[PDB]
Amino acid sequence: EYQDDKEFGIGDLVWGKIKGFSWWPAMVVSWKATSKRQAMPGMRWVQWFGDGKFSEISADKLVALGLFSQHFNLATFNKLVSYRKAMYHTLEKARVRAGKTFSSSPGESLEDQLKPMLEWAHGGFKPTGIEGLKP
């Protein structure tokens, strides 16, 4: 699956355009998860963080989540609860992969929990760097 000389494999965290011209976080998944069909040549199935919906997108239209500050949209983040929720689940997956530790209390708001997570992301995901984001 996805053996085509194009970028991104199953499990890769990426940004994709949807809901307008905004970049939204997602993860490349196997077509098996979509209930559809195998992706067309050069394309990938991605599951959007937050709503968990699926989209078939060309590998040439996706960017690595690692280009974080480049695609994160602060205005959108502040305006939409859905974007903030998407970001939380995205960075939750990111920190699990990279071994980055965060702490929280039951009930702590998503925005509050996101503060240190975004600092880590915008800072370049140190100490691992974007390598720590790999599946």
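The numbering used is simple: start at 1 and walk along the sequence shown.
- Between 46-54 and 105-113, it is 105-113 that carries the larger average Cα temperature factor according to the deposited entry.
- For the pair 18-26 and 123-131, the mean Cα B-factor is higher in 18-26.
- Highest CA B-factor among the listed residues (61, 79, 93, 100): 79.
- The entry lists a Cα temperature factor for residue 38 that places it in the middle third of the chain's modelled residues.
- Among all modelled residues in this chain, the alpha-carbon of residue 71 has a temperature factor (C-alpha) in the lowest third.
- The deposited CA B-factor of residue 85 belongs to the middle third of values across its chain.
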